[PDB]
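> sequence first, structure after; it's an experimental one.
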Amino acid sequence: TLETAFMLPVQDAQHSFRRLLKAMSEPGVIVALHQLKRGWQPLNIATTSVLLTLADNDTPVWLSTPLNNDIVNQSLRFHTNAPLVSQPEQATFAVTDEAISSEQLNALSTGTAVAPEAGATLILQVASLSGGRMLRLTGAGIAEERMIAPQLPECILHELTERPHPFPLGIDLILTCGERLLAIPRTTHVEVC
Amino acid sequence: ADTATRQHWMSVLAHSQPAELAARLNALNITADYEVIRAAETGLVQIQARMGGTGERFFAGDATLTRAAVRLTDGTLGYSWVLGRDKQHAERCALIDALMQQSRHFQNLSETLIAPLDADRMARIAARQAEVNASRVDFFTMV
Amino acid sequence: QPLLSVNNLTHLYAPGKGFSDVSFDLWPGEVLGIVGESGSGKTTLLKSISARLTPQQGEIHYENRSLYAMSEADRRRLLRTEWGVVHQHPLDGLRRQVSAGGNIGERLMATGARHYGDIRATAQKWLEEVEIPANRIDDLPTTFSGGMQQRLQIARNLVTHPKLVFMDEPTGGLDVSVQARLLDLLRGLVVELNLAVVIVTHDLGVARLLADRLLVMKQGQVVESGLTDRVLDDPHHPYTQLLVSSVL
Amino acid sequence: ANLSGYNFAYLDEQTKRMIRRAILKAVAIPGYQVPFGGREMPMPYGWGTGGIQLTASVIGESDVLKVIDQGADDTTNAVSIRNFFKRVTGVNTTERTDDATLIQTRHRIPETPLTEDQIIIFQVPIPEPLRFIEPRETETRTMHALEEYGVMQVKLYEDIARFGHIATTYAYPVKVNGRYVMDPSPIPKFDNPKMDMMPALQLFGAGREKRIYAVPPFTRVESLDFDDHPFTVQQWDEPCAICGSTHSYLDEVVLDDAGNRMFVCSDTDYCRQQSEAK
Amino acid sequence: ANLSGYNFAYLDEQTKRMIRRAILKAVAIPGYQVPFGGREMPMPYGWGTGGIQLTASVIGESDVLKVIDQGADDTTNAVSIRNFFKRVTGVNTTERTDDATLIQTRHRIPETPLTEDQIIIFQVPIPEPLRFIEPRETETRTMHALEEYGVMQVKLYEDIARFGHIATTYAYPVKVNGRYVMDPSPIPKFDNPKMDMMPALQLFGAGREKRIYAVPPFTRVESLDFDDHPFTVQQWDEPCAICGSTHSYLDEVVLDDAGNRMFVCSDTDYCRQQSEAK
Amino acid sequence: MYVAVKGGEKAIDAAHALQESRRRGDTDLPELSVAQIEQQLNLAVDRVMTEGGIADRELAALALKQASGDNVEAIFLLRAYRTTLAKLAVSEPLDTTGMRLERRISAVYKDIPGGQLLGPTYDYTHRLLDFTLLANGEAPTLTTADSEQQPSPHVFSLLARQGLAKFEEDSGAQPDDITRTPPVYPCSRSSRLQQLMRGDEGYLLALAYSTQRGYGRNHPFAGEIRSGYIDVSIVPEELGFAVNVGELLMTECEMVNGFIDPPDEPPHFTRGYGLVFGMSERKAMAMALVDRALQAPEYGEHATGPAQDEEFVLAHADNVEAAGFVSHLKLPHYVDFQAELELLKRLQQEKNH
Amino acid sequence: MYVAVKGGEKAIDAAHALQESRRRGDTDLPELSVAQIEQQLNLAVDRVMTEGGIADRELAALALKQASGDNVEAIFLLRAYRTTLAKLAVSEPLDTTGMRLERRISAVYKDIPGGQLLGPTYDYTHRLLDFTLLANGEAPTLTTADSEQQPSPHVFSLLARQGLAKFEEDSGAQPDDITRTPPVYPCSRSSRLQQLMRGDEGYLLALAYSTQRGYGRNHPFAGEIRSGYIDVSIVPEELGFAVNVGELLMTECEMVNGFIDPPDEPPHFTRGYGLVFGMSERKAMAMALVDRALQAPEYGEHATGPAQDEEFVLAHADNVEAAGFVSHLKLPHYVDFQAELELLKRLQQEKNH
Ligand SMILES: Nc1ncnc2c1ncn2[C@@H]1O[C@H](COP(=O)(O)OP(=O)(O)OP(=O)(O)O)[C@@H](O)[C@H]1O
Ligand SMILES: O=P(O)(O)OC[C@H]1O[C@@H]2OP(=O)(O)O[C@@H]2[C@@H]1O
Ligand SMILES: O=P(O)(O)OC[C@H]1O[C@@H]2OP(=O)(O)O[C@@H]2[C@@H]1O
Ligand SMILES: [Mg+2]
Ligand SMILES: [Zn+2]
Ligand SMILES: [Zn+2]
Ligand SMILES: [Zn+2]
Ligand SMILES: [Zn+2]
């Protein structure tokens, strides 16, 4: 009844982490995580790979209602032993879909000025990474500029462009579509073209 | 009731010296068919102590712990958790734990294995306490 | 809008020790002196209004922003770039192990200065403006006299031309000539650069020559307020009358 | 392949996962020292445990590992670390910076420019650039948090006043992404410019101090200096005695008690590359 | 006789001579801590090395040695010291204060008054009475030299203000010969009055701290106090449960977990003397 | 000219072989066994267990043999091995009241319920080198008293029943584990005790000695030092009920410390606590003394000695870190030294000019 | 009623017998020999010689056996024995240039005249518990290079020839001997070095580690660490000429430390010095680092760490004193405790009233 995790947990976790590290250190670069054949429906392959690679008992995980399913919760508990929390403010990893709200987004922990790593990482499942509003990325990880047009909610688009939380506070966004992954850390300057 | 008895015999096996337990088991010539469910694994048990012996918990290091699990032919699960790194001793302890849950073995081994081990340990403890008590400082005697 | 607005500010260590229910307004280009009997809470009020002490009650707005509602980083930035703070003890606002030039240039570098020669030249100029010789720039403040140290802490908190400067007995330990030289400097900065000053002092002459408005504190309570000339020449509270009479 | 009896890269999966999360947080917060639950390694603390942990957490079967200490692959500790990684991972190793996918380094950035998909892992004794000014972490954590780097500028000003120069010659502080003052590890001032807008990921590991920090590719790294005292790299009056390069960091080798000495490239791979080209 | 293979009293003649010179200097300068080149003893530092050295330096074949710890002859360390002295000197030993010529004591002055030609040797952990106020010897040496004992008076005043009493209950400072403030060793306040105008020589030995000081017979020893807070000795609502004395220092012996306790004389010899007399 | 050659690996291998041969020593002598070290060098084993973090006598003795008797190296070996071991369980909180005593003394009362059990100790021995140990000897025949163990209440339980001291109450607070997260200053008392138990014996002993000498004094008395066998129990998930997995020889030290006069409760003694593996008790006493010293923030004490400086004490207490970082200077540093030299040669040429 | 009885002596004797039996351990195992401890636990012997004050390997190993492996107790045993030995002569000043080297490394230059001799060392070993040592093994066959020893000039002599450092000059000053007179603060550098050599390894290592971490930093480099055999010579009065009485295995550490810019001479590196018996070198390195830290008065340095506080460092450095005074709390203290109790009980009554 429970879903299956990596066939080769060590190697697969290492490869997925390297892909995610490439995405985060080079924001806007799309990376494919091929190790997991199928995701934990409704979670996609990339999201499941990220959770299996990073989630454990020390990292509370919050699943949004659209993505919250009994099978998914049991599989996460069995494979990662990550505590499941019902509130976004208690989550080290937040998993949502396009239906995320401005309230849930601002409830996510942003860390503190003395402990900016004490915030949350948002894994947002998007309809596509290509067909959205054109976005220009500049900053660390980007030589001059990068162009990406993911289909993003308006609250996520507003978070990326205005950055209400001053650096070093803020969430690091992970966009997932199928097996493809894109990353935008809190440092990335995002402009709407 | 039964849980207390199981705790008692598990404690006796854990506190037993591996050599004496092995000798006693070989002498008993117990014919039991078991599958090792968990191979004897040596790891660490994290030690929790208390401030002032009674107050808040704090981590006072770790100790080596060996665990083993067996399953008899009838589905009886025997377990063992023993300080140290003796895998064979842990396997024997788990086997005896499984056997003691069977009616045909409980009273027999309770009298031929568990009681003689506990008595021997008690004798060792009493002898050591007799040696140690010679160092007690005598101050006053009631007349 | 007032540069600094204080509303019902209160902070008490114990009944009668500190201040309570203190409110006032400060616009650019005017000086607000504070006087009162020793231990009246003037220093506590000055620390509270300079982001150095969280009040138990009341509020402080600076440019339409609550002073203590912002992050600690913003308050530190304000105290680092555009806010001067002269302390009653000169060594509090000085670095003992850092030379006078370094003490003055820390404030310049915090504002973006990155040219060593210009920083040194400005430090020498300001050391001279506060009546300390330039050859002492490389000397540590521990080798300076009390007046020299106080005049170093004034130079350190005025080198960046801050908009708002809080002072606690700035004239203490200064001779009359250098005192007047430091009052003229403050008047020039206020009239030219539109600097705002909140000064705590006991020498009523300094307040009269400098303070545009005056406050009187007693037992932690603000008893009298208004224009400096009106308060000094036409006091109303009995303590103000006693204080003006005590003038030598 | 790994045939040592340990888990691949000697780290348990929980420790690897925790270090990986720390690496991602460090990448998202360039220049910030991310605390991590570092474990004791077969190497003593202060002998590269942080770098070993980072490499173990990132390394894979397909990576080509390059280990250099003082710029040389044959250095004692570099040999020990490389042999440990060969034993517990079986990965391919190289002395050529160009052919390396992972570079673990102590005190040198290779002369050969790094490229995309390369990760260079630095071993850091003191992850806190403000430590020698303020020994206490309780103060430096808040100094980082409130971007209060006034103590470093004063230190540089006083160094210039006392000596006419900035006394710091290695582990020279650098501002990262315009915000975080960072220690680049005890690399010489010569190597600091290589950090600016590099096309390779830079990871920094302080195992004993339990910190991890990183610089993403193409990130601004600016050494603290003054306009009239611009950042100047080490210089020698002699070229390398083996390859003749004038652009490499040089180590002084004393040949005898009479004072005869020769200067040779610390980056032995670059020295070989130049010598073969003739 | 001595048949242990060591020199009589275990001390070489040079060490004995140096300690003897120190003793004479201390006698001529009452209350002053005389530094001496103390040696490591078979007993650990802090277990009576100074007293052992003093006894070894003064003891002779004809002396009758009494060793007491906490006022009792049978105390563990007292037994060890007495056995060591019996082994390396062979002197006669006694539990009777009256019959003793040399008394080495830890934390008690005997209830039985001392007489002429008796020497009582105290074991001292901290020879400096001002140590707990000023831990540094560099300052206390000058405080002794310039008779600046203002820090002790302030300490007593503050103790009275905070508690209403002087917190010090043992090792209570005493002025000697009107000049030197001295630590009488960790004897209770109960015993301090015995020091005043005593007809016996008092020697104090701090082996670990390398100090020797002395009080000659018939010397004024005045405990520091105030007129309105006069020096008051410890008091108990019960007499000794064995001999019934109300004038002896009492030790509390806990008989059970239920809180039953009995108070008995610490000076076991005095307790025996009273019990036999009935 | 000169050509570079490879010498690092073979030099390393030869150095390791030399060290191994020196460890073996003269081959005419039989090689030491780990069992002999465990039995006869038991106090070194106790220190190695306590600081290395594993209460396994055989492993500590093995580390000592491998380290050629170097306590620092053996401790680091044991800690490194700890890193490779899976955590199988967390023990139920130790109950020292159930200790089977080998040694129980109290410095605050002449005699106590259960008595003054000296046990195996070097206390009161005359430290004279025993040259008979140069040759094989015969172990003494031990005197035997009654076998029963008398009720031994904790002396602090006797003090607290009188109101002289406060019971150590459990609020259920989750202990901090510095083995899983790096210490954050100021540290909780649980974290402080955990670090001190792992701390260097000599460093903490020196700090405690300084406190006794006025550098942050806390007026210590040894209220009770208990050494003996304490049972360890775990609640395995496979069963759900407590199982006794064995016993550990441990030493517990409780220190009475200077009384305080709180505004709203009667004045009472403060206290410090120490707990170590094995019989070596000076480590436990130093741990208790430094614990009391580091309790200054709780009691609002004005620090007067380094022993009360929490960061300074704890950041440098672990001899794994300290020994590693001091020894790391042996590593090649010629790149960094060349940088320092490059500057000095210029500041020498600008001064002379 | 109750009557007092004698129990002290027999309790002491029984405790000593228990300790002796525990030291012997299981009798089925052969008793350890002092020779085995000297050969195979050589680093513990090195520490015991260095801190106990006698460079006699057999005596230190005997103390370790007698102390059941307790380094503190063994050190105190050796020091106590030292007290019983007549001083027969004072050695001529040691000349480390004549050392026959087992190990010579320099962290400041890649290669030096005479080379980087690693020698017997645990440096660069993977600290993995070697379980093969649980059973008897075979010592490795050592590789043999050329037998000649290359000229090994002190690296500091190479630095001083360039003017980068200053030669350590001898003014003929008579060294202070703290074994004959108690230390007087401030102490001379000779007295400081003598005390540090006798100081606790862990305490000094922690202090040096703190200096590396900014608590009184001195920018250290290991200019040279030399271990080997150095000849000892004396000028007996019976003959009037120097006689070589043997050789001692010793380790010398020289630290380069942060340069200074004196007003009247070119800027130069400062230095620290460490010297220990045997091969254990971390003690020598810590000694050099703390020596440099305590050199602050000479260089007019503003103290920023406890390692620069001379009295605090030295008064608590000797673990003989520190261990003795910490353990002395185990002694009966019920008279003093009764005094503290008598006061506290009165304060409780008055507060309650
Ligand atoms: N930490 C404290 N705890 C208790 N009372 C305090 C504290 N700090 C200040 N006080 C008291 O609060 C009152 C206000 O003191 P404050 O320093 O503000 O006076 P002031 O008017 O600035 O003094 P002056 O003009 O004499 O320098 C005084 O009674 C002072 O004693
Ligand atoms: O803490 P670790 O174990 O990760 O060691 C990091 C660094 O600290 C030491 O100082 P170093 O920079 O000279 O080189 C050594 C080592 O590479
Ligand atoms: O320095 P030493 O060796 O001469 O010991 C003197 C005194 O110091 C310790 O403290 P204490 O007074 O409780 O009793 C012990 C001992 O008697
Ligand atoms: Mg004031
Ligand atoms: Zn070259
Ligand atoms: Zn009596
Ligand atoms: Zn270094
Ligand atoms: Zn004491």
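Done, it's in. Numbering: from 1, shown residues only, chains lettered A, B, ... in the order given. Ligands and ions are numbered 1, 2, ... in the order given.

> run through who's touching the longest helix along chain C.
Secondary structure of chain C per DSSP state H: the longest helix is helix C:176-193. Applying Cβ atoms under 8 Å, 6 or more residues apart in numbering or on different chains, the contact partners of helix C:176-193 are C:29-31, C:129-131, C:147, C:151, C:154, C:158, C:161, C:170-171, C:174, C:195-197, C:206, C:209-210. C-beta coordinates here come from the backbone N, C-alpha and C atoms, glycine included.

> in strands, which of those residues appear?
Of the contacts of helix C:176-193, the ones assigned to strands by DSSP state E are C:31, C:196, C:197.

> could the residues you listed be laid out in a markdown table, adding neighbour count?
Formatted as a markdown table, the ones in strands among the contacts of helix C:176-193 follow (neighbours: other Cβ atoms under 10 Å in any protein chain shown):
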| residue | neighbour count |
| --- | --- |
| C:31 | 23 |
| C:196 | 22 |
| C:197 | 24 |
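
> stretch D:24-43 close to chain F?
Yes. With Cβ under 8 Å from any Cβ of the partner chain as the criterion, chain F is reached by stretch D:24-43 at D:35, D:36, D:37, D:38, D:39, D:40, D:41, D:42.

> follow-up on the earlier one: can you give me the offset of the longest helix of chain C from its chain's centre?
From the chain centre to the centre of helix C:176-193 is a distance of 13 Å (Cα atoms, centre = their mean, to the nearest Å).

> buried sites along it?
Neighbour counts using 16 or more other Cβ atoms under 10 Å in any protein chain shown place C:178, C:179, C:182, C:183, C:185, C:186, C:189, C:190 of helix C:176-193 among the buried residues.

> is it correct that residue B:117 is in contact with residue B:13?
Yes. Counting by Cβ atoms under 8 Å, residue B:117 touches residue B:13, with 7.4 Å between them.

> give me the phi and psi for residue C:73.
phi -60, psi -40 (degrees, to the nearest 10).

> for it, which non-adjacent residue is closest in space?
residue D:146 (4.7 Å; Cβ to Cβ, 6 or more residues apart in numbering or on different chains).

> and if you look at residue D:171?
Nearest one to residue D:171, counting by Cβ to Cβ, 6+ apart, is residue D:186 at 4.4 Å.

> equivalent analysis for residue C:115, please.
residue D:227 is the one closest to residue C:115 (Cβ to Cβ, 6+ apart), at 4.7 Å.

> how about the residues of chain A by chain D?
Counting by Cβ under 8 Å from any Cβ, the residues of chain A near chain D are A:9-11, A:13-15, A:17-18, A:20-22, A:24-26, A:53-54, A:56, A:58-59, A:112-114, A:116-117, A:121, A:139-143, A:167-168, A:172, A:185-187.

> rewinding a little: what separation is there between the residue nearest to residue D:171 and residue D:111?
Distance of residue D:186 to residue D:111, computed by Cβ to Cβ, to the nearest Å: 17 Å.

> now do the contacts for residue B:38.
Residue B:38 neighbours (Cβ under 8 Å, 6+ apart): B:67, B:68, B:69.

> any idea which residue sits dead centre in the chain?
Just so you know, I chose chain A. residue A:123 (2.1 Å; Cα atoms, centre = their mean).

> correction: the question concerned chain C.
Compute the mean C-alpha point of chain C, and by Cα atoms, centre = their mean the closest residue is residue C:167, 1.6 Å away.

> and the helix or strand containing residue B:7, anywhere near chain F?
Assessed by DSSP states H and E, residue B:7 sits inside helix B:2-15. Yes. Helix B:2-15 reaches chain F (Cβ under 8 Å from any Cβ) through B:3, B:7, B:10, B:11, B:14, B:15.

> and that helix, what does it pack against?
The contact analysis (3 or more Cβ pairs under 8 Å, 6 or more residues apart in numbering or on different chains; DSSP states H and E) places helix B:2-15 against strand B:77-83, helix B:87-100, helix B:115-133, strand F:243-260.

> so in that sheet, which strands flank the last one, and in what orientation?
In the sheet containing strand F:243-260, its partner strands are strand F:221-234 (antiparallel), strand F:268-277 (antiparallel), by DSSP bridges.

> tell me how far the first one lies from the chain's centre.
Here strand F:221-234 is found 15 Å from its chain centre; the criterion is Cα atoms, centre = their mean.

> could I get the longest helix of chain C in CSV with only the CA atoms?
C-alpha atoms of helix C:176-193 as CSV (Å, rounded to 0.1, in the frame of the first residue of the first chain):
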residue,chain,number,x,y,z
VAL,C,176,34.9,77.8,29.1
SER,C,177,36.8,78.7,25.9
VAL,C,178,36.6,75.2,24.3
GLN,C,179,33.0,75.0,25.7
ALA,C,180,32.1,78.1,23.7
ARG,C,181,34.1,76.8,20.6
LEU,C,182,32.0,73.5,20.8
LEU,C,183,28.7,75.5,21.2
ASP,C,184,29.5,77.7,18.2
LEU,C,185,30.3,74.5,16.2
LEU,C,186,26.9,73.0,17.2
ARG,C,187,25.1,76.2,16.3
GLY,C,188,26.8,76.3,12.9
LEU,C,189,25.9,72.7,12.2
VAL,C,190,22.3,73.3,13.3
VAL,C,191,21.8,76.4,11.2
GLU,C,192,23.6,75.1,8.1
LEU,C,193,23.0,71.4,8.1
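
> any bit of stretch A:81-99 sitting next to chain F?
No. Contact of stretch A:81-99 with chain F (Cβ under 8 Å from any Cβ) is absent, the minimum separation being 12.2 Å.

> hmm, who's touching that stretch?
A:42-43, A:47, A:50-51, A:54-64, A:66-67, A:73, A:76-77, A:104, A:107-109, A:120-127, A:151-153, A:171.

> now the strands for chain C?
Under DSSP E, chain C gives strands at C:4-14, C:17-26, C:31-36, C:57-62, C:65-66, C:83-86, C:164-168, C:196-200, C:213-218, C:221-227.

> neighbouring strands for the fifth one, and are they parallel or not?
In this case it means strand C:65-66. strand C:57-62 (antiparallel).

> would you mind putting the CA coordinates of the partner strand into PDB?
Listed in PDB are the C-alpha atoms of strand C:57-62, where the atom choice follows Å, rounded to 0.1, in the frame of the first residue of the first chain:
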ATOM      1  CA  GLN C  57       5.300  52.200  28.000                       C
ATOM      2  CA  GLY C  58       4.800  54.800  25.300                       C
ATOM      3  CA  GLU C  59       6.200  55.100  21.800                       C
ATOM      4  CA  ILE C  60       8.900  56.800  19.800                       C
ATOM      5  CA  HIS C  61       8.400  57.700  16.100                       C
ATOM      6  CA  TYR C  62      11.400  58.700  13.900                       C
END
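
> check which residues of that strand are buried.
Quick answer for strand C:57-62 (16+ other Cβ under 10 Å): C:58, C:60, C:61, C:62.

> and for residue 101, nearest residue in space, chain neighbours not counted?
Picking chain A for this. Nearest non-adjacent residue to residue A:101 (Cβ to Cβ, 6+ apart): residue A:155, at 6.5 Å.

> that's the other chain; I wanted chain C
In space, residue C:101 is closest to residue C:137, 3.9 Å off (Cβ to Cβ, 6+ apart).

> distance of the one you found relative to ligand 5?
Distance of residue C:137 to ligand 5, given as Cβ to the ion, to the nearest Å: 45 Å.
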